[PDB]
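Data first, discussion second: the structure below is written as structure tokens.
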Amino acid sequence: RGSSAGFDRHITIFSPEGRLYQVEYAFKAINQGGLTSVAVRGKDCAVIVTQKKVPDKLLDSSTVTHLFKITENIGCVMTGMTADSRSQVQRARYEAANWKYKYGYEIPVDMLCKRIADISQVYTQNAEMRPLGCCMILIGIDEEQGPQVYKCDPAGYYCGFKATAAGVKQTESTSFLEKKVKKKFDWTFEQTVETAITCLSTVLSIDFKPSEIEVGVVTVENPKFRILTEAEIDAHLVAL
Amino acid sequence: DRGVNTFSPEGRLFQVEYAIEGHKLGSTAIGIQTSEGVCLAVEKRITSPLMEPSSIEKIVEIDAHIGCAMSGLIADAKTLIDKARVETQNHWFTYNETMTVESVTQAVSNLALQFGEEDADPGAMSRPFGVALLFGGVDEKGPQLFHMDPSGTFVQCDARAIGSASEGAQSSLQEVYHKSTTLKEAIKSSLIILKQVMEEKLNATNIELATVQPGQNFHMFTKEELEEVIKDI
Amino acid sequence: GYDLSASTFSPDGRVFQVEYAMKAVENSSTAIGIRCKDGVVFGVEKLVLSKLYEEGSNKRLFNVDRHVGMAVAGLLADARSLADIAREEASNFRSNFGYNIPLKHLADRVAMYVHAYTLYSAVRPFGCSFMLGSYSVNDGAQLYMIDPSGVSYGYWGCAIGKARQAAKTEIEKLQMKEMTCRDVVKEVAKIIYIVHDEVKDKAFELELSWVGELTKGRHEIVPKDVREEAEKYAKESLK
Amino acid sequence: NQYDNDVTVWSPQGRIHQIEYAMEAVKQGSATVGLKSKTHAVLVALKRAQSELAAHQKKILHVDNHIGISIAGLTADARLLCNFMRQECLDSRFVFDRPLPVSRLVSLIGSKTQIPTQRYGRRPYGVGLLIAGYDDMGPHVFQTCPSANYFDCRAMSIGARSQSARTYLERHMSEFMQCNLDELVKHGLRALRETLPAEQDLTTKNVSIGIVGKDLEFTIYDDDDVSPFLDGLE
Amino acid sequence: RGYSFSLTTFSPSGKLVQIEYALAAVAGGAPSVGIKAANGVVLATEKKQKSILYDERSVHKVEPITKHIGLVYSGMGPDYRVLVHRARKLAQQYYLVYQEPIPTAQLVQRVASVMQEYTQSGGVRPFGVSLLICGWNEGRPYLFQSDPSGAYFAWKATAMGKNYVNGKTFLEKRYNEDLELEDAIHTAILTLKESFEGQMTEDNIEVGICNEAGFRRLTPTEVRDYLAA
Amino acid sequence: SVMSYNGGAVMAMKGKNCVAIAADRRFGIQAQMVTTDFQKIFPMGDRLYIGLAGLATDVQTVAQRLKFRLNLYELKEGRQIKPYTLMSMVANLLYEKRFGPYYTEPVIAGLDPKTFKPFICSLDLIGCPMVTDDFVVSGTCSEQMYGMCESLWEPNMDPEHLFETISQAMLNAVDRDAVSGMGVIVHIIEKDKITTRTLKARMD
Amino acid sequence: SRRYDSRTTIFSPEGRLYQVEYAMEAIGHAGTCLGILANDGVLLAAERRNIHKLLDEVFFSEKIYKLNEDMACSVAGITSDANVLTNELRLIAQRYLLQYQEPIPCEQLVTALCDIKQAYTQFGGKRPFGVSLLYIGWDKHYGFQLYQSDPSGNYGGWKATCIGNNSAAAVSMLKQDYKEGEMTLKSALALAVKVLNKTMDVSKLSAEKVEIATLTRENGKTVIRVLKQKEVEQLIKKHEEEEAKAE
Amino acid sequence: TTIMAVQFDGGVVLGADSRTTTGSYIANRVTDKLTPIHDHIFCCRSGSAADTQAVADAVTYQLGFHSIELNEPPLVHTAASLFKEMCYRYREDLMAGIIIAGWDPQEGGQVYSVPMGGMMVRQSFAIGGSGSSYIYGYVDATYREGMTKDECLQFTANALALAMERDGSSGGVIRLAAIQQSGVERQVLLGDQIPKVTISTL
């Protein structure tokens, strides 16, 4: 299909088609971990859910988390390479603190997303380093708009969504969520946790136990980013 | 393909191994150490009769008691000669005394191997030098003669020969030399071997000769005395 | 042509340079760690190549701070470089904030440093993995493990080295959540002697260390009487 | 056939061929031998026959009043390292008004040697060492490698054909502690005699001897100062 | 710390194939169209989202630079964002020195100088995007276009992205020099309509205008009325 | 003071579609005259002049740097500069040296290149631009020409009456200053003409 | 890294510089430009390469670039590099004027630019500019002049030169119709028109495929004036007439 | 300026006046000299207003980052050490005397002094500012070990009133702040509620 000429498949230079193969490989690196995330935003809430598959039972699973806190009201979930994602979380925390220090108020979700995206665009251009092999999803409450859900990628593209899904089963996990934004605003009430868990389970057939997921929450009633307990998760799971 | 710093399956440093081969294409020189001084002698290797022979200077003076004779890349040798002169003058300035042949050879040998192409210096060398040297002089212990390589290894000799015919020049120097010479028999034999190995005819303008002895300074032979010596032989 | 740089994804999204720096560890002698209620216990099978060396050369247990131990596996020169970096990190923390650094923070700092060497063509990834361990009246015992890629997780017992497979399999049958260090030390001796190969390698040395409440939170080396007894017990158990 | 050029490329087996080659460089040199007793440490070297006319070499150098080394490999790199060690000991005496422990010196040497082995466009130091010193804790016979790891040993020999000297050493290590200085030095000269081929025996100008101890600084023994040591080797 | 050698070099025939390949990249973006009328300019794009999940409001392709300049693109969005940021900085510096709004021609010259710097420095690739600039100053409307190499032109009606050949082949016929801005919008929309493979909607396209009062992008409520005809 | 070390006096006045600028000629050192043909007014444009007063070395330096920048601007843009734009550029140049500044106080007078509307302005040593509608002054006899202009100025004047007023003001102003005089030169910038004159003054 | 380096600044096994040899062939295919020197001034005459109907002629020219009050140039090759070079030339002229308070001479300008062009061929790792220039001017010492540079960085004064496409045949026919010392500006214009008419593959000129500038001294002042379409049309008509009459 | 803080079992009490002068003129008379460094840590400011504002901002930013990455509430000792580092590094250019007081789950309420110079010390109660010199004997003769919250509030209010009635650079209203494990309490004691002490007559 797309021919090659020179050092195309080794550095970030244009192919005879203008394709940048070395960036199409970080997308495949995203599917290396073997997890899947799903974020859904509602009329007054944003929710994150994340698979929690520990390999075997000697790890202290209280440390194996894919959910992170950036500021009090912003939360995030990573997917891809672990150390890459740790470095990206550190960068986002520093950006969010510097914004407040410079301008006197708290950074918005779209501004933080755009900052991370232009930081990655530079890895797409210079030839001495490589792109980071990880994806990112953010949620938060905007005092003017309300709930927000954004996603970056290793190429520097940072669109905004109504309901996302990243990971190994991305295509079908979005094909499922496609059918349910038809009516009822995708169940726009505090129980979109039902929708998220159902969408994660439909194409995985696990019917998860009370401790193989993580969920996070922001609300308009309480804006801070909270991580729900096992009992709370179990009750929702029990209802299912 | 490779870099400049790259060992081989025998740990040999390719670039130094090539700079060493760059010496078997030079004109032969000879030094000899006696109990009464040292003598240096080098072939001039004139190309065509239109070239002035007084313009080939292969035996320079480092200081009033040290001289040097080179072979290889005469363009490269000049930075080494300049730095040796500067170091000797610094030593005089600081300690109010003359340096030593050992110290000069050692300080000059520390410039070799100081090359590279990343995080080296603002302006640094890109390859090894291609000159072998021969120092002579007198100091607080007597006449001494040293030898230097592009790898940076300096030794102390009493009769050394460097150049493109050395594997044949030493085969005679080892038979001629003895620990009971005088500088005059030294000079005679150093001339006989040159004549033995050269391609032209050893006359009084295509060679060079200088001597240092405990009494005098570094002194170069004249086209008067040189001619007399050659004729006398 | 994708095997030569840490700036080249394979057509399938892999980094073979890190994959090779991992083999570098995946064929080195074994070291284990065990977490307990009271504290932590490190144990390493130190190899003695020839008689000529003094016993005590090539130690693999360091002291990163007055409450943090460290066990290593892989290239010992890279390991010593990392140990200096960690000592540097702990000292700066104390000079900035006036108290001792948490193990969670130290491991995070060192893992970021290790990961920075996986992105560029001007450097190469480290070739050693290591374990940490502390004890604080605040958070109790702890244990971490960092890879050549820079991933750091918490554990209850880890088995970096070459006999990781056989080491982990035997350590999982232990019930460490209720034991104590005096009762664990013996188990570490026994499991290392079990996992040890006595054909390829003929002679091996054994050194132990611990940090807990009995040492008042200071990392130490196991005294000589405890060690001799532990060795005897292990031998008796082995048959 | 593409992993053997740069020092920052792993092989599919997790090895660094450049560091290897830099070690095979060190094996080219002439053998050395060191060992220690209860109160003295000793170095003995074999100055190689360069030609029929040249003074042999310098293979043992002073580092400080209590430390001395003996090299095998690239002499330029060897004296580049010796200058760093000398500055280290001088700096120590300036700040704390006391000497330096040999262990901390070897730590600094290893940390300095390791950095080149990791960056692009650089190469390892192609020289092996053998250190001897005296301190509060007695003698020390450390040994270093082009790959920056170092060792501690009762007695070690490095160089070409030193396998026989190493075998002799271990076979006779049982008595090095109790032995006297004269006895200690001879044990060294016999071991060094082992590596020489059949056509040559130790003479009086192709051997050097260094000595450091309790009440004695580091000294080197010249061409005919080694005569009181070679009188009995029948 | 970075490469110091060029990645774009000459070929045995004198070509620069890295720039040719950045142009091949541009030839695969989304269609763009600009048309200069007697009292204003018009930019019209194809903002077609992949699926219904994507929130359309969050990202825009028609952006302002000052109160009287705006631009669109075709090619690569992450590169377009860098160019937009540096253009805004360039305009602010000019206003700081002269206390006057920058003219469109000076803006285009400085932007093309940056794009040219990225063809001859060490260890970088060229941008994969072409621009379409709009402006109005001193009682006159302007319309330029910038290439990945650093060469800029000036047009009366142009077209980028996919199917640009047929785009300008169709654009030449209808274009009149007396055309009003409101009747130019119909032609801009119609040109886009020729190659859309779908059904036009108030969220499939973006439209910006520029006249005496400044730059602004039309709102979907107005794009609806304009699409009704 | 440093700005009283070479003397000098500049003046600009506005009329009905016309501007006028004037200066004195004396060049001297503390208490001794050297020459009497020193130039203090520079033609920055077709109908755009600038007058500098203060330290003569800085007068020359600032004039030369300004000509540098204006040539570059008119080559890059493709047209002539406006009086307002020139004032901002000069203020920027003077403010770049806020600490260790030039000792010179400029005066600008021109005509709008398309509406032919006058413009006068003066700046302080650090670059503070104040635009007026009657007149500006600068120099060592500032108070004297203030007193003259306030009394003699009228609105909507012809070029003739403008010339008479600016000349009659400069004469009596410098007749009471010790370090100014030796003659006066007057430029009259009309729409299609630029008339220059030299007055007869006192030489003591 | 060494693997990706292209080594733009090295010698060839025969002493050549391949990047410069390739930039010259790049300049080979550009639009035709030609200059002619006369007794009372110089003239340039380029060829318009972009003839699309939908373009805009806002600029007073396409390839002229007045550099100073007394000089002007014209380019062939890559427009993007041409812009950098033109900015540099303007800066050099203004620095000279600031230091000496007199206008710069043409040879000094050409020299200061060719130094920059040469420094791109010896070190740095970059590629060289693919641009050739022609200059015209007037100074105190030598009066009307006409020079030419090339990518390598060597120049030379001429009396009637030509770069671009088919410049070989252009110079060939220039050699047989130029007579030293007797040419006036009008005969210069005639020869320029009649050379451009042939060395362009099109049937006949169009007065919009061309672009013509002159340079004269009038009342102690230099005047650089681009000719207009009507003037060019009149010149073409004159050429059409006399040529037709002969045969 | 008169700032003050005293320690009780469970938290501390802070206090300050509200007047900002310039020579002999009152530029601001409703100043707020108590600033929040974190959710449970405060600081009282005295000296140069620009210096103290800049240092409070820098410390706030550093401490927020430190705590967000360590994933727990910070310590009063950490805050005091960051303050001391900055004040000692810029000891010749700045003019700031600070009092740091707060609550942490590990030691409760503490009070730290950082006078101009950059030295640190823990204290039970601390006074600082221009008017604090007039009430040294009073705090020496009134303090008694193991007081409660209301007794601390009364003690602080009376001391501050006595300072304001004699110092010419102090006055306005009193602002108090008792910090505990529950949260922060802010009140103002203005006008007629200032505790009047008897003035000698005749």
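Ligands are numbered from 1 in the order shown, residues from 1 within each chain, and chains are lettered A, B, ... in the order they appear in the structure tokens.
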Determine which residues of region 73-207 of chain C receive a DSSP assignment of helix (DSSP H, G or I), computed from the backbone, and state them as a PyMOL selection string. chain C and resi 76-97+103-118+164-171+181-195
Residue 168 (chain B) surroundings by only C-alpha atoms, 10 Å radius, close-in-sequence under 4 positions cut, as a VMD selection string
chain B and resid 161 164 172 to 173 193 196 to 197
Judged by only C-alpha atoms, the minimum distance to chain D among C:1, C:217, C:148, C:212 is found for C:1
**Study point:** Spatial neighbours of residue 160 (chain B), max dist 10 Å, only C-alpha atoms, sep filter under 3 positions, as a list in words
**Key:** residues 29, 30, 31, 32, 33, 40, 134, 145, 146, 147, 156, 157, 166, 169, 170, 173 and 174 of chain B; 53 and 54 of chain D
List as JSON, numbers by chain the protein and nucleic acid residues near residue 145 (chain H), meaning an atom at most 12 Å away when only C-alpha atoms are counted, but skip any in the same chain fewer than 4 places from it.
{"H": [6, 7, 8, 9, 124, 125, 140, 151, 152]}
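Using only C-alpha atoms, the protein and nucleic acid residues lying no more than 7 Å from residue 110 (chain H), apart from those fewer than 4 places from it along its own chain, are residues 7, 12, 101, 102 and 103 of chain H.
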Expressed in Å, the length from CA of residue 65 (chain E) to CA of residue 144 (chain E) is 14.5 Å
How close does chain A get to chain E? List, as CSV, each residue of chain A within 9 Å, its nearest atom pair and the distance in Å to one decimal, counting only C-alpha atoms.
```
residue,atom,partner,partner_atom,distance
A:12,CA,E:125,CA,7.5
A:13,CA,E:125,CA,5.9
A:14,CA,E:21,CA,6.0
A:15,CA,E:21,CA,6.6
A:16,CA,E:21,CA,5.6
A:17,CA,E:24,CA,5.9
A:18,CA,E:25,CA,4.2
A:19,CA,E:25,CA,7.1
A:110,CA,E:58,CA,8.4
A:117,CA,E:78,CA,8.0
A:118,CA,E:78,CA,7.2
A:121,CA,E:78,CA,6.2
A:125,CA,E:124,CA,6.0
A:126,CA,E:124,CA,5.0
A:127,CA,E:123,CA,5.8
A:128,CA,E:2,CA,5.9
A:129,CA,E:2,CA,8.7
A:155,CA,E:78,CA,7.7
A:156,CA,E:78,CA,5.6
A:157,CA,E:78,CA,6.3
A:158,CA,E:59,CA,8.5
A:159,CA,E:59,CA,6.5
A:160,CA,E:55,CA,5.5
A:161,CA,E:54,CA,4.7
A:162,CA,E:53,CA,5.7
A:163,CA,E:53,CA,6.3
A:164,CA,E:53,CA,7.5
A:174,CA,E:53,CA,8.5
A:177,CA,E:53,CA,8.4
A:178,CA,E:53,CA,7.0
A:181,CA,E:53,CA,7.9
```
Output for the residues just chosen: N, CA and C atoms as a compact mmCIF listing (two decimals), in the first residue's frame:
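Now in result-v3.txt:
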```txt
# COMPACT_ATOMS: atom_id res chain seq x y z
N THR A 12 10.91 9.88 12.73
CA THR A 12 9.69 10.62 12.38
C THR A 12 9.98 11.56 11.22
N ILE A 13 9.99 10.98 10.02
CA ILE A 13 10.08 11.72 8.77
C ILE A 13 9.01 11.18 7.84
N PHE A 14 8.66 11.98 6.83
CA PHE A 14 7.52 11.65 5.99
C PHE A 14 7.82 10.46 5.10
N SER A 15 6.82 9.61 4.94
CA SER A 15 6.84 8.53 3.97
C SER A 15 6.45 9.08 2.61
N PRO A 16 6.67 8.32 1.53
CA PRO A 16 6.19 8.77 0.21
C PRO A 16 4.70 9.09 0.15
N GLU A 17 3.96 8.79 1.21
CA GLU A 17 2.55 9.15 1.31
C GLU A 17 2.27 10.19 2.38
N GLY A 18 3.26 10.55 3.18
CA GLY A 18 3.04 11.48 4.27
C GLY A 18 2.32 10.84 5.44
N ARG A 19 2.86 9.73 5.96
CA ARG A 19 2.12 8.90 6.89
C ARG A 19 2.70 8.84 8.30
N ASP A 110 -10.12 21.58 29.61
CA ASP A 110 -9.72 21.67 28.21
C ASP A 110 -8.36 22.36 28.07
N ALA A 117 -1.37 17.98 25.07
CA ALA A 117 -1.34 17.62 23.65
C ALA A 117 -0.21 18.34 22.92
N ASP A 118 0.05 19.60 23.24
CA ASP A 118 1.13 20.26 22.53
C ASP A 118 2.49 19.83 23.08
N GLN A 121 3.02 16.80 20.80
CA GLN A 121 3.30 17.13 19.41
C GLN A 121 4.79 17.30 19.15
N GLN A 125 7.89 15.48 16.23
CA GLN A 125 8.61 16.23 15.21
C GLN A 125 10.12 16.06 15.27
N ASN A 126 10.72 16.19 16.45
CA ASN A 126 12.16 16.00 16.58
C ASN A 126 12.50 14.52 16.59
N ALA A 127 13.70 14.20 16.12
CA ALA A 127 14.07 12.84 15.76
C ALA A 127 14.89 12.11 16.81
N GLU A 128 15.33 12.79 17.87
CA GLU A 128 16.22 12.16 18.84
C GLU A 128 15.48 11.38 19.93
N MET A 129 14.20 11.65 20.13
CA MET A 129 13.40 10.97 21.15
C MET A 129 12.26 10.24 20.48
N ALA A 155 -0.40 11.09 19.29
CA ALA A 155 -0.17 11.93 18.12
C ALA A 155 -0.39 13.41 18.39
N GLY A 156 -0.97 13.78 19.52
CA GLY A 156 -1.26 15.16 19.83
C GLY A 156 -2.68 15.61 19.58
N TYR A 157 -3.61 14.69 19.36
CA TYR A 157 -5.00 15.00 19.03
C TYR A 157 -5.84 14.88 20.30
N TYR A 158 -6.65 15.91 20.59
CA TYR A 158 -7.23 16.07 21.92
C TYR A 158 -8.73 16.42 21.87
N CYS A 159 -9.52 15.67 21.11
CA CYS A 159 -10.94 15.99 21.02
C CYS A 159 -11.66 15.85 22.37
N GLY A 160 -12.93 16.25 22.37
CA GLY A 160 -13.78 16.11 23.54
C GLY A 160 -14.97 15.23 23.22
N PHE A 161 -15.51 14.58 24.25
CA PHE A 161 -16.43 13.47 24.05
C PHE A 161 -17.68 13.59 24.90
N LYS A 162 -18.68 12.79 24.53
CA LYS A 162 -19.84 12.51 25.36
C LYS A 162 -19.68 11.22 26.16
N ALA A 163 -18.99 10.23 25.59
CA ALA A 163 -18.68 8.99 26.28
C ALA A 163 -17.58 8.29 25.51
N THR A 164 -16.45 8.03 26.16
CA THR A 164 -15.25 7.51 25.53
C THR A 164 -15.04 6.05 25.92
N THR A 174 -16.79 0.89 21.79
CA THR A 174 -17.47 2.09 21.32
C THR A 174 -18.68 1.78 20.45
N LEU A 177 -21.50 1.45 22.98
CA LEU A 177 -21.94 2.75 23.46
C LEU A 177 -22.59 3.59 22.37
N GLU A 178 -22.40 3.22 21.10
CA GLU A 178 -23.05 3.94 20.01
C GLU A 178 -24.56 3.85 20.07
N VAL A 181 -26.78 6.30 22.88
CA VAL A 181 -26.84 7.76 22.92
C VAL A 181 -27.99 8.19 22.01
```
So which residues touch residue 195 (chain A) within 10 Å, counting only C-alpha atoms, skipping near sequence neighbours fewer than 6 positions away, as a ChimeraX atom specification?
-> /A:38-40,177,180,186-187,201
Taking a cut-off of 8 Å and counting only C-alpha atoms, can you build a table that, for each residue of chain C near chain H, reports the nearest atom pair and how far apart they are in Å (one decimal), sorted by chain then residue number, as a Markdown table?
```
| residue | atom | partner | partner_atom | distance |
| --- | --- | --- | --- | --- |
| C:96 | CA | H:82 | CA | 7.2 |
| C:97 | CA | H:78 | CA | 5.3 |
| C:98 | CA | H:81 | CA | 6.6 |
| C:105 | CA | H:70 | CA | 6.9 |
```
Near residue 82 (chain B), counting only C-alpha atoms, which residues have an atom at most 12 Å away, once you skip same-chain residues fewer than 3 positions from it, shown as a list in words? residues 60, 61, 62, 63, 68, 76, 77, 78, 79, 85, 86, 87, 88, 89 and 108 of chain B
Put those residues in a file: N, CA, C and O atoms, as a PDB file, in the first residue's frame.
```
ATOM      1  N   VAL B  60      64.507  20.486  15.008  1.00  0.00           N
ATOM      2  CA  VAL B  60      64.265  21.793  15.591  1.00  0.00           C
ATOM      3  C   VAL B  60      64.850  21.819  16.997  1.00  0.00           C
ATOM      4  O   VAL B  60      65.296  20.805  17.529  1.00  0.00           O
ATOM      5  N   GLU B  61      64.853  23.001  17.595  1.00  0.00           N
ATOM      6  CA  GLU B  61      65.386  23.203  18.931  1.00  0.00           C
ATOM      7  C   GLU B  61      64.249  23.552  19.881  1.00  0.00           C
ATOM      8  O   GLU B  61      63.519  24.522  19.653  1.00  0.00           O
ATOM      9  N   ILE B  62      64.103  22.754  20.938  1.00  0.00           N
ATOM     10  CA  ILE B  62      63.056  22.984  21.927  1.00  0.00           C
ATOM     11  C   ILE B  62      63.515  23.993  22.968  1.00  0.00           C
ATOM     12  O   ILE B  62      62.744  24.850  23.408  1.00  0.00           O
ATOM     13  N   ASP B  63      64.776  23.906  23.374  1.00  0.00           N
ATOM     14  CA  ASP B  63      65.349  24.835  24.334  1.00  0.00           C
ATOM     15  C   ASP B  63      66.864  24.747  24.228  1.00  0.00           C
ATOM     16  O   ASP B  63      67.404  23.957  23.453  1.00  0.00           O
ATOM     17  N   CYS B  68      64.843  18.184  19.045  1.00  0.00           N
ATOM     18  CA  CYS B  68      63.865  17.204  18.600  1.00  0.00           C
ATOM     19  C   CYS B  68      64.046  16.896  17.122  1.00  0.00           C
ATOM     20  O   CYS B  68      64.426  17.766  16.335  1.00  0.00           O
ATOM     21  N   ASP B  76      51.569  18.010  11.123  1.00  0.00           N
ATOM     22  CA  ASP B  76      51.032  17.726  12.449  1.00  0.00           C
ATOM     23  C   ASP B  76      52.042  18.007  13.552  1.00  0.00           C
ATOM     24  O   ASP B  76      51.657  18.438  14.642  1.00  0.00           O
ATOM     25  N   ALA B  77      53.331  17.763  13.299  1.00  0.00           N
ATOM     26  CA  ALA B  77      54.318  17.860  14.374  1.00  0.00           C
ATOM     27  C   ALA B  77      54.444  19.261  14.970  1.00  0.00           C
ATOM     28  O   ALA B  77      54.986  19.407  16.074  1.00  0.00           O
ATOM     29  N   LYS B  78      53.948  20.290  14.284  1.00  0.00           N
ATOM     30  CA  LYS B  78      54.273  21.658  14.670  1.00  0.00           C
ATOM     31  C   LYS B  78      53.529  22.086  15.928  1.00  0.00           C
ATOM     32  O   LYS B  78      54.068  22.840  16.746  1.00  0.00           O
ATOM     33  N   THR B  79      52.295  21.613  16.111  1.00  0.00           N
ATOM     34  CA  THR B  79      51.574  21.903  17.347  1.00  0.00           C
ATOM     35  C   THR B  79      52.263  21.273  18.552  1.00  0.00           C
ATOM     36  O   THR B  79      52.365  21.898  19.616  1.00  0.00           O
ATOM     37  N   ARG B  85      57.693  23.808  23.573  1.00  0.00           N
ATOM     38  CA  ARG B  85      58.389  25.067  23.839  1.00  0.00           C
ATOM     39  C   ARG B  85      57.692  25.861  24.937  1.00  0.00           C
ATOM     40  O   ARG B  85      58.338  26.366  25.868  1.00  0.00           O
ATOM     41  N   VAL B  86      56.367  25.977  24.842  1.00  0.00           N
ATOM     42  CA  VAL B  86      55.610  26.760  25.815  1.00  0.00           C
ATOM     43  C   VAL B  86      55.725  26.154  27.207  1.00  0.00           C
ATOM     44  O   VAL B  86      55.872  26.876  28.201  1.00  0.00           O
ATOM     45  N   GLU B  87      55.659  24.824  27.309  1.00  0.00           N
ATOM     46  CA  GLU B  87      55.766  24.187  28.617  1.00  0.00           C
ATOM     47  C   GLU B  87      57.134  24.414  29.238  1.00  0.00           C
ATOM     48  O   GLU B  87      57.238  24.683  30.440  1.00  0.00           O
ATOM     49  N   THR B  88      58.198  24.298  28.443  1.00  0.00           N
ATOM     50  CA  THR B  88      59.529  24.552  28.989  1.00  0.00           C
ATOM     51  C   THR B  88      59.662  25.988  29.484  1.00  0.00           C
ATOM     52  O   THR B  88      60.264  26.242  30.539  1.00  0.00           O
ATOM     53  N   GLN B  89      59.089  26.943  28.748  1.00  0.00           N
ATOM     54  CA  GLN B  89      59.195  28.332  29.184  1.00  0.00           C
ATOM     55  C   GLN B  89      58.382  28.585  30.448  1.00  0.00           C
ATOM     56  O   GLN B  89      58.810  29.345  31.324  1.00  0.00           O
ATOM     57  N   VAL B 108      54.498  16.012  26.768  1.00  0.00           N
ATOM     58  CA  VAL B 108      54.081  15.964  25.372  1.00  0.00           C
ATOM     59  C   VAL B 108      53.262  14.711  25.096  1.00  0.00           C
ATOM     60  O   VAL B 108      52.284  14.749  24.346  1.00  0.00           O
TER      61      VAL B 108
END
```
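Within 9 Å of chain F, and using only C-alpha atoms, the residues found on chain E are residues 97, 98, 99, 100, 105 and 106 of chain E.
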Set out as a tab-separated table a contact list for chain H and chain A with a cut-off of 10 Å, giving each residue of chain H that qualifies its closest atom pair and distance in Å to one decimal, counting only C-alpha atoms, ordered by chain and rising residue number.
```
residue	atom	partner	partner_atom	distance
H:57	CA	A:101	CA	7.8
H:58	CA	A:101	CA	8.3
H:60	CA	A:101	CA	9.0
H:61	CA	A:101	CA	6.6
H:62	CA	A:97	CA	9.0
H:64	CA	A:97	CA	8.0
H:65	CA	A:97	CA	6.9
H:68	CA	A:71	CA	7.6
H:69	CA	A:93	CA	8.3
H:71	CA	A:69	CA	9.2
```
